[PDB]
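Everything on this sheet refers to the single structure shown next.
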Ligand SMILES: *C(=O)[C@H]1N[C@@](C)(CO)[C@](O)([C@H](Cc2ccc(F)cc2F)NC(=O)[C@H](Cc2ccc(F)cc2)NC(=O)[C@@H](CC(=O)N(CC)CC)NC(=O)CCCCC)O[C@H]1C
């Protein structure tokens, strides 16, 4: 069922710098694509991002459900929402349809604020199609192309890293993973968030 | 002060009696039943001249073989008429034959007392003069908010119903011809109006024994009846 | 039956007697102001003074935001306000869920006035004793401002004032308001009509609260004025 | 994993005339290859001038006949006249189609005499379709007897022709047909009830068939 | 095998009379055309009980609508009602196949309705096992502005040839004619036997070979 | 005074006024009378006629073979009770293929009286029923707006019932062990006593039921013959 | 089975689809009208699948969008129309599935001329061009080859003519008759083509 | 049968809610102080007969690890409100996996109180909660009313002679007050309010010391503070 | 209360809540409707505070469907609710019949709904009088009226709201059959201003055809009010 609209997402961490990336394919009947702009990354808060991989309708439906819940939370509390709270709420939503579930394997990527000045701690985690959370503290990968990404990251991860080197690392890992999957690819985007700014870049991938 | 279904000390329900008060005002109507068929009529209480007078109709048809004549709160009356024709077509679906008029008035009376929990909220405040033809023969029936229904050879409802019943008592006779019944109905109706009788000022319907079909008289038939009307 | 309050039941004159008492409750409340400006829409108000130990920082009890592009000012009972604020936020995010675009303010105020009309008509529950000055921006109609009431009536207003001494405030708005005007001029006029309504020559910075909504840089945002900013505004008002 | 359908087996024969209708049926109940009892009438009288016969599941036909008699009695109570056979036919059509998705295992025949002294005969399927006829048969033996009735009544593929038919010859033809079915089918029966309807009421006789 | 087409003097509707429980025919005479309204007819195909019950139900609802509103219903509205109610029983086992044809205020109109809510407007339709044969013969020899006699002859021959290569279809032909003021039954029922031995084997010598 | 606003309030004396008012509605209703002997229960009643053009209203009703009733009070309530009893007897004969026990049916309708008297926002029926049947014995039962039922040798309902009751207790001993004809005659004398202003074929109803005698209203000719016998 | 084609560029939009009413092995008609659903305003909905499913879904979506526009007295945005159709299709997919493809198109003041692909499992995304059915295989690569920025409506119609010629020549159902629906310059023009 | 017993009078004023405030004003007082590095809720309990034990009755409770509460009014109302507030904190923690914010809990309980004012066949709650807690956004102190409206305080008092206690607490209070001085001001405020003599088992105190669990002081610690 | 009868028969046999709804209607602003040949004119008054109120937000005169239109007088919130109900029923009819809803069906449905709320527990009557304008199924213009009691009838011309009797008396002695569009607009503007202060800003008039509803511009209304002001003086 995940061969229908195959996709992949990825996210790494570094020294006061975090990265998230995805492929831009939308499939139909497995072996014929229809679009090269379907971004699996969705901005949700000023320092929280979420990567949804799986069936496209379930990706979109889960995006609107989470956007509803999020914007409700910032409007009532009148303050910015935390990554852990969003992760727990996402796990509850995926569990709430434990039977007949959303066929989506999401991830969460963002920053953790520790007020005292303020320190931005990286945060990354991944989920099954039910909400099997597992904190990882380094590279997090999820999708049909997950095995190739797991293979690439350990060879290419260098612990904490500069944001430029992080972009090179995550870009090479994603491009080498997507080239070895037939139903995943067709371009890529790499979002590198920092406290000062976010850099969004698209890669000259084997989109063909 | 009190609920809808509160008995009086005399055993009468207050809401039912007040509903009987409401039917005392309204458009006068007259019904006659004879061997060859049934006749109904109404005074056609026209409003100001800007009204079309086609939409304002007092003689509707429950089915192909049933007519009616309303009195009292008219929106409630149309609700009762709608339920009646729905149930008659339900009979026509469940059973091939045409529904008897007695069963139709019984269902109408059953709906009228629906406010008593034994959903609606108060009595309908409507009096109907239903008429039709079936295998048993032509007949007409009377309905009122109290639920009792009584079957007639000739009757009337509305404002000038008492004088209409008196003239019908004086003039109606058994073994009557249908033309005699039509001229009798127009004589009684003309005597109980306020305005002079005319073509647009009156409406008539009838269900013949042979046709067994509802048929509202048009302007030509009404003028023909008026021209041969004694005075 | 014997203990019934006769809520959803017409008067002899056709008024229901309950929305009327709700409106007298509105007229005794603290005043709220509304203004539409070329740069934005403003919902200044007046705090009721309960005690000096109330937290001055934040504690915006009159103006609330329904979304990033919608925000309103309360002119009645606070609990009846806040439950309807929650319903409004629910309706906004529900429309964004259904259609994937922001809800126009006209749709939203139609929904709040519809649900308020329901308890006025259906059942035997009392109406909500609250009247809002809902304002916001949309691409269909731009900056708008409305006036809701417990009856479920709503009407558009370029500038209006509700609550106690609303006659004097509306007179000042009729005298001073202009079609095209700056945000600073609108804020100064808001201080002027608040001072006139409060029977004070100079407004007190602790006794008032201001907010504005501008579609600046193609991204609408709300600002809520702090004590220092209100002090600077009152200094400009005294200078002017 | 329980199938709520068994063919108890049987046959009901029907034939009409100018002013009469003849309906005949077995009096055997059975299971697949064994017989319960030698006397189980499937014909149920509905009105003074109408009867109904059936074949299939015994419980379904009993429930259907008693339900139809309930509806007829309620109709007479509410409306103060007996229902006609066409009325009963449409009522049975609506009753059968109410259970469309769990249908009655009952192939029905509805016989009687109209108000104009005409012997009618309606024949049914399990679901509710119905059509008037001058001859019909249902049950296990339906394929056996139905060509014979077509030869006798319609009498196509013939040139000399003979339409002179009366009540006794029609009855004797029905006795011959049910005897042939009893010889040529195992579920048919051992005693049969020849219901005859006329303007002067209803009469019922009984006949003894083979016991095998 | 049902049939319906539109021409200068209204609409002609033709049907067979067979009825099959499988390999065995239940009854050779039936009526597959119901007067749903005085000005509207409807053919019948597929499951007999389903189509019969649902056209009678539609006739009931049409009597409700006409008697309330005091206006004759159109064929489009009846077809839409039928397709809506049949779609509610989707995936349940119904096999209703219907061709609704009649005159209304718009004009002469014709619709096809199926168990799957398949409302299709047209001027020529045919449903059943022998639908293809009737379609073939009409589209070989159907034209607008031909006489009523030619139309009934064409419909009768099409129903005959549909019965000729279809065991499911047979019995008798019932050709009806719809016009402005209701309808008339041109052929109440006519045996296909003499029809065959008039059309294809006019000389009664030797078996016909094909 | 103020304890008659609702049906759920006991007075200081301890009386439901609404139920008493329903009984008052029964007492103002038209007449009826029933008599039984050893193997026959005869029922009769005066059919209301409000005008010379009006025809007589239905008074006697049929519920089931060998069971029938008569009416006095609100007619719509009688319609509801008749439909309930007809459905109950027909359902019993459906599911069990036997005639229903009559007193179980009487308890059922009395329960329907009770549940409407008891809960608020509902009214008791303004009608009493005169149930007559032959369940292997002639029997006459009674119902009241309160949940209650009693069994009688003879009974009367509403109108000038005092004259009828005086005649019945004056002649109760002779009702047992007399033929059906004299039984019908005595019932007509009781109704004529309730008249106090003449009995005719149109304005009276009559029904008979007994052993080997299902419930059947008497024809016009036989009723005219009995009326002429009463006149003579 | 039912071929739908769609193309979008600067200042035009084109939709296309075969005109065939298939039942079993035959055609009820060669001039079908059950596939296109005109919406009030510069909007349209093209459906493909079983006839009853597209009839119910298209009428339901069209008449609800009309209800929105009449109640609110404003023209619904194209993006709102597309995502509302997707949400309705997904909801009905989870309970009472509608096997029906989609091609939402329209014009908006804020977004301009735009098109949306959508599958029978509500697999929706904006595209400049797309197709549905088995004929999507034999026309989509043509659309890649001859599409370029700053296109015109006549060039688009030439591309559609090439696709129709290919579907007649090579596709198993040699589809001859087609119906088009062009949106440009605040007009909605319909054409009928027979290659 | 469900109809609003609470209704608008002429001039409104919500007379049942006014009677609920009259219930609160006659009930035993409670108070709370917000300090620089802590928050206090304190209340006096009536001078008990010897049969009562203070280890059973508790006007001070805890909803979560960091959140406390005190009331002044009907005890059963406080019990059901406390139980449902615990359920609200629990469902929020089940969803978002964290200790509940003070503001969200205050909003929900205010909405529930409004629902009971609005709902038919009921009467308002006859108490006035006083919730205190600590979270990411500093310390908070809130005050629920029978109306279902919440107010953010830095120091407040409830119950009998609440105006005089408010004035006294206004006289002796600073924004940068230490936690021990806040406790001393609470003791002096309730001592002025009681018009009698105090000791252990006559007063009860709850406090949250910095980012640590909410703590209820035993009688030994209060006796140490009284000296 | 919830599910109990609040409207009931008085001792005189009148449902007093319905007459109270009629006084609520009579306090509401006036409205007029005319028809002739193949079109209709709808007029409603207007009241706004100058320099503060936005005239665009007013929705006294509306469109229900492709052809049907509606005007009302009474409580505006109840009017909005019943308007949304009728629009829902219009699109429900158009999905179950595949023909646009005729004016007679919508007038009957509005009367049915108002009688339903008048004849059920837990709901008071809709305190509004509406009059619907639209084309019949046979392409015949007919305007319907509707009272809170559920009474409805078809009129050639009729008015509602404040001083409706005086306006209806005026229309009886000035209505003509098959008038021009300018003549109908002139007659409606005279009729509404018999009982309304003379100014262009106090009315919102529109004209209905088979194409669509078209609101008359401010300049034509200003010319018309000036012309009748000259005519009166
Ligand atoms: C034209 O092509 C022509 N073919 C046939 C004759 C083929 O059967 C038919 O489809 C016919 C319809 C018909 C028959 C009689 C009638 F009064 C009206 C009518 F519309 N079809 C059938 O009779 C059913 C065959 C069938 C087709 C499709 C299905 F999905 C299921 C069945 N047969 C019956 O209806 C049968 C019993 C039945 O309901 N079945 C089969 C067990 C389905 C549950 N009933 C009868 O034959 C008549 C009652 C019994 C008389 C003793 O019409 C046109 C198209």
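Protein chains in written order, with the deposited numbering: chain J, 4 to 119, 127 to 218; chain E, 9 to 126, 134 to 246; chain C, 3 to 242; chain M, 29 to 240; chain L, 2 to 211; chain F, 4 to 199, 202 to 237; chain K, 1 to 195; chain B, 6 to 232; chain D, 2 to 234.
Built from N, CA and C at the ideal position, the CB exists for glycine as well.
Boundaries of the alpha helix (DSSP H) in which residue i is found, first to last residue
i: residue 99/E; result: 82 to 102
i: residue 168/C; result: 168 to 178
Residue i: first and last residue of the uninterrupted beta strand (DSSP E) it sits in
i: residue 48/J; result: 44 to 48
i: residue 220/F; result: 218 to 222
i: residue 153/E; result: 153 to 158
i: residue 220/E; result: 218 to 223
i: residue 25/J; result: 21 to 26
i: residue 225/B; result: Element bounds for residue 225/B: not the beta strand (DSSP E) but the alpha helix (DSSP H), 224 to 231.
Test item: CB-CB of residue i and residue j under 8 angstroms
i: residue 138/F; j: residue 104/F; result: yes
i: residue 83/L; j: residue 100/L; result: no
i: residue 138/C; j: residue 28/C; result: no
i: residue 36/B; j: residue 191/B; result: yes
i: residue 90/C; j: residue 114/C; result: yes
i: residue 58/B; j: residue 33/B; result: no
i: residue 122/C; j: residue 222/C; result: no
i: residue 39/M; j: residue 157/M; result: no
Cβ neighbour criterion (16 or more within 10 Å) applied to residue i
i: residue 240/M; result: exposed
i: residue 30/M; result: exposed
i: residue 173/B; result: buried
The segment 222 to 230 of chain D in contact with the segment 64 to 77 of chain D per 3-pair CB rule at 8 angstroms: no
Inspect the CB distances between the segment 157 to 174 of chain F and the segment 167 to 177 of chain E and report whether three or more fall short of 8 angstroms. no
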